[PDB]
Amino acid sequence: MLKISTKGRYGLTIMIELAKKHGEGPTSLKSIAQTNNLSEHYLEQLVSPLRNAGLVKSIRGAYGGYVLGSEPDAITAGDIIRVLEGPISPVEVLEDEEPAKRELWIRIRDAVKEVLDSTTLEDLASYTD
């Protein structure tokens, strides 16, 4: 029933990897790409807006890479999704739709928004295998 966009999935992956390595020095996009079986050049397109938003910082050099732009408990899943995908809309509200159905979509939207706004990177990084 639920669909997860590639931008959102992998943008959150970058952030979670960085949260797991918080205080352990920079992490190269190359290593995140290698860990997650994807192109570093695909990942670069996702980090760019995260870097512009100050959610991540790029450290230059041979031992360079990315770090979080704030503590993991100060970044939410919602902060990340809003930068990469724009506003949250789980069910599109359509022109002249019945108020009962519009109310159902608002309730769904509020419940999704509450999950995004109450889930920090620290919380997600705490899940291990």
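In this text, residue numbers run from 1 along the sequence as written.
Looking at 30 to 38 and 95 to 103 together, the entry lists the larger mean B-factor for 95 to 103, computed on C-alpha atoms. Higher average CA B factor: 82 to 90, of the stretches 82 to 90 and 49 to 57. Per the PDB record, residue ranking by Cα B-factor puts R9 in the lowest third of the chain. Annotation for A74: C-alpha temperature factor in the middle third relative to the rest of the modelled chain, per the entry.
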